[PDB]
Amino acid sequence: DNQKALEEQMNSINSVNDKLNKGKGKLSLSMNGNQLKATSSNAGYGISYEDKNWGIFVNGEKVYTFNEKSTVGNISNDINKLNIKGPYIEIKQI
């Protein structure tokens, strides 16, 4: 697996946006030490009208499941509660 999560600090946490960032609505995530930062662009919209199952895996532990069915806006409202902190976070679709 990712021993040091070096690759995670390269593309990973940037590309995680690239799945979420599609059109109608999109999601963006960042960190600040032990801080979690999510943003939905277009403020409330979802992908379009499709279904997607997602997760966030701390060392291979899916701590949260969101669906692009849910507007990535309303989802980032959730990302504020869930407050996804380290370590090793794998945010991707499943």
# chains A, B, ... in the order shown; residues from 1 in each chain; ligands from 1
>>> residues_around(residues="residue A:70", least_positions_apart="3", cutoff="10 Å", atoms="only C-alpha atoms", output="PyMOL selection string")
chain A and resi 44-47+49-53+66-67+73-76
>>> write_last_selection(atoms="N, CA and C atoms", output="mmCIF file, in the first residue's frame")
data_model
loop_
_atom_site.group_PDB
_atom_site.id
_atom_site.type_symbol
_atom_site.label_atom_id
_atom_site.label_comp_id
_atom_site.auth_asym_id
_atom_site.auth_seq_id
_atom_site.Cartn_x
_atom_site.Cartn_y
_atom_site.Cartn_z
ATOM 1 N N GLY A 44 -24.293 24.311 -4.807
ATOM 2 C CA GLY A 44 -25.480 23.553 -4.489
ATOM 3 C C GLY A 44 -25.897 22.534 -5.517
ATOM 4 N N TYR A 45 -25.311 22.584 -6.689
ATOM 5 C CA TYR A 45 -25.702 21.672 -7.761
ATOM 6 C C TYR A 45 -24.968 20.335 -7.664
ATOM 7 N N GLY A 46 -25.559 19.303 -8.266
ATOM 8 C CA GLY A 46 -24.924 17.994 -8.338
ATOM 9 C C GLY A 46 -24.285 17.783 -9.684
ATOM 10 N N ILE A 47 -23.771 16.584 -9.946
ATOM 11 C CA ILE A 47 -23.180 16.258 -11.248
ATOM 12 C C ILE A 47 -24.098 16.695 -12.354
ATOM 13 N N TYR A 49 -27.902 14.570 -13.398
ATOM 14 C CA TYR A 49 -28.891 13.643 -12.884
ATOM 15 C C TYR A 49 -28.420 12.215 -13.083
ATOM 16 N N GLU A 50 -27.507 11.815 -12.218
ATOM 17 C CA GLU A 50 -26.932 10.485 -12.248
ATOM 18 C C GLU A 50 -26.769 9.956 -10.833
ATOM 19 N N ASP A 51 -26.266 8.734 -10.699
ATOM 20 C CA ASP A 51 -25.971 8.208 -9.380
ATOM 21 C C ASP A 51 -24.529 7.752 -9.259
ATOM 22 N N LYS A 52 -23.954 8.039 -8.095
ATOM 23 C CA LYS A 52 -22.555 7.777 -7.809
ATOM 24 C C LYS A 52 -22.403 7.420 -6.351
ATOM 25 N N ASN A 53 -21.611 6.409 -6.059
ATOM 26 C CA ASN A 53 -21.327 6.064 -4.675
ATOM 27 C C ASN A 53 -19.891 6.405 -4.343
ATOM 28 N N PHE A 66 -20.800 9.463 0.452
ATOM 29 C CA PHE A 66 -21.677 10.456 -0.159
ATOM 30 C C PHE A 66 -21.968 10.064 -1.587
ATOM 31 N N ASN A 67 -23.102 10.489 -2.084
ATOM 32 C CA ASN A 67 -23.518 10.122 -3.420
ATOM 33 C C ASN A 67 -23.680 11.375 -4.243
ATOM 34 N N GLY A 73 -22.922 20.163 -3.248
ATOM 35 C CA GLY A 73 -23.108 21.268 -2.351
ATOM 36 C C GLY A 73 -23.605 20.824 -0.998
ATOM 37 N N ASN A 74 -24.756 20.153 -0.998
ATOM 38 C CA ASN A 74 -25.330 19.594 0.224
ATOM 39 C C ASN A 74 -24.387 18.569 0.834
ATOM 40 N N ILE A 75 -23.560 17.977 -0.014
ATOM 41 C CA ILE A 75 -22.559 17.018 0.441
ATOM 42 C C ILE A 75 -21.419 17.732 1.157
ATOM 43 N N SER A 76 -21.000 18.879 0.638
ATOM 44 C CA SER A 76 -19.936 19.643 1.279
ATOM 45 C C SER A 76 -20.451 20.337 2.520
#
>>> select_by_dssp(residues="chain A", states="strand (DSSP E)", output="list in words")
residues 26, 27, 28, 29, 30, 31, 36, 37, 38, 39, 40, 41, 54, 55, 56, 57, 58, 62, 63, 64, 89, 90, 91, 92 and 93 of chain A
>>> write_last_selection(atoms="C-alpha atoms", output="mmCIF file, in the first residue's frame")
data_model
loop_
_atom_site.group_PDB
_atom_site.id
_atom_site.type_symbol
_atom_site.label_atom_id
_atom_site.label_comp_id
_atom_site.auth_asym_id
_atom_site.auth_seq_id
_atom_site.Cartn_x
_atom_site.Cartn_y
_atom_site.Cartn_z
ATOM 1 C CA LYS A 26 -18.704 19.802 -8.225
ATOM 2 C CA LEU A 27 -16.700 19.218 -5.076
ATOM 3 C CA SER A 28 -13.264 20.337 -3.995
ATOM 4 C CA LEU A 29 -11.216 19.413 -0.961
ATOM 5 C CA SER A 30 -8.066 20.625 0.746
ATOM 6 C CA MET A 31 -6.316 20.476 4.111
ATOM 7 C CA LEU A 36 -10.392 19.747 6.289
ATOM 8 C CA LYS A 37 -11.644 22.067 3.591
ATOM 9 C CA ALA A 38 -14.451 21.244 1.144
ATOM 10 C CA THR A 39 -16.014 23.371 -1.562
ATOM 11 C CA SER A 40 -18.806 22.767 -4.043
ATOM 12 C CA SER A 41 -18.735 24.938 -7.080
ATOM 13 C CA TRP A 54 -18.380 7.596 -2.891
ATOM 14 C CA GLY A 55 -16.110 7.063 0.054
ATOM 15 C CA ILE A 56 -13.229 8.456 2.104
ATOM 16 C CA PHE A 57 -10.715 5.936 3.375
ATOM 17 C CA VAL A 58 -8.375 6.658 6.289
ATOM 18 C CA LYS A 62 -14.351 4.219 4.506
ATOM 19 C CA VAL A 63 -15.350 6.813 7.093
ATOM 20 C CA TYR A 64 -17.973 8.585 4.975
ATOM 21 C CA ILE A 89 -7.254 9.867 3.243
ATOM 22 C CA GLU A 90 -8.515 8.117 0.154
ATOM 23 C CA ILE A 91 -11.444 10.126 -1.148
ATOM 24 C CA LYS A 92 -12.658 8.512 -4.410
ATOM 25 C CA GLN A 93 -15.616 6.728 -5.965
#
>>> residues_around(residues="residue A:32", least_positions_apart="6", cutoff="12 Å", atoms="only C-alpha atoms", output="PDB file with N, CA and C atoms, in the first residue's frame")
ATOM      1  N   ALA A  38     -13.700  21.670   2.319  1.00  0.00           N
ATOM      2  CA  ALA A  38     -14.451  21.244   1.144  1.00  0.00           C
ATOM      3  C   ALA A  38     -15.216  22.398   0.523  1.00  0.00           C
ATOM      4  N   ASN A  83     -15.980  16.575   8.926  1.00  0.00           N
ATOM      5  CA  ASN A  83     -14.638  17.125   9.181  1.00  0.00           C
ATOM      6  C   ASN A  83     -13.562  16.061   8.948  1.00  0.00           C
ATOM      7  N   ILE A  84     -13.324  15.750   7.680  1.00  0.00           N
ATOM      8  CA  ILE A  84     -12.436  14.653   7.314  1.00  0.00           C
ATOM      9  C   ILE A  84     -10.968  14.998   7.567  1.00  0.00           C
ATOM     10  N   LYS A  85     -10.436  14.524   8.680  1.00  0.00           N
ATOM     11  CA  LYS A  85      -9.047  14.790   9.026  1.00  0.00           C
ATOM     12  C   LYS A  85      -8.182  13.567   8.748  1.00  0.00           C
ATOM     13  N   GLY A  86      -6.865  13.781   8.730  1.00  0.00           N
ATOM     14  CA  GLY A  86      -5.901  12.705   8.537  1.00  0.00           C
ATOM     15  C   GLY A  86      -6.045  11.591   9.544  1.00  0.00           C
TER      16      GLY A  86
END
>>> select_by_dssp(residues="chain A", states="alpha helix (DSSP H)", output="PyMOL selection string")
chain A and resi 12-20+72-82
>>> write_last_selection(atoms="C-alpha atoms", output="mmCIF file, in the first residue's frame")
data_model
loop_
_atom_site.group_PDB
_atom_site.id
_atom_site.type_symbol
_atom_site.label_atom_id
_atom_site.label_comp_id
_atom_site.auth_asym_id
_atom_site.auth_seq_id
_atom_site.Cartn_x
_atom_site.Cartn_y
_atom_site.Cartn_z
ATOM 1 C CA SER A 12 -4.172 12.279 -5.263
ATOM 2 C CA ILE A 13 -5.630 15.127 -3.206
ATOM 3 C CA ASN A 14 -5.724 17.274 -6.304
ATOM 4 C CA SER A 15 -7.234 14.683 -8.622
ATOM 5 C CA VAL A 16 -9.906 13.939 -5.988
ATOM 6 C CA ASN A 17 -11.336 17.227 -7.154
ATOM 7 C CA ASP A 18 -11.190 16.165 -10.784
ATOM 8 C CA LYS A 19 -13.887 13.497 -10.164
ATOM 9 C CA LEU A 20 -16.105 15.769 -8.246
ATOM 10 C CA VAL A 72 -21.999 18.049 -3.963
ATOM 11 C CA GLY A 73 -23.108 21.268 -2.351
ATOM 12 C CA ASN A 74 -25.330 19.594 0.224
ATOM 13 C CA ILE A 75 -22.559 17.018 0.441
ATOM 14 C CA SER A 76 -19.936 19.643 1.279
ATOM 15 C CA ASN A 77 -22.377 20.861 3.862
ATOM 16 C CA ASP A 78 -21.815 17.346 5.191
ATOM 17 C CA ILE A 79 -18.078 17.590 4.715
ATOM 18 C CA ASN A 80 -18.227 20.448 7.220
ATOM 19 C CA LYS A 81 -19.776 18.172 9.854
ATOM 20 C CA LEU A 82 -17.824 14.987 9.069
#
>>> atom_distance(atom1="atom CA of residue A:3", atom2="atom CA of residue A:59")
9.9 Å
>>> atom_distance(atom1="atom CA of residue A:34", atom2="atom CA of residue A:10")
17.7 Å
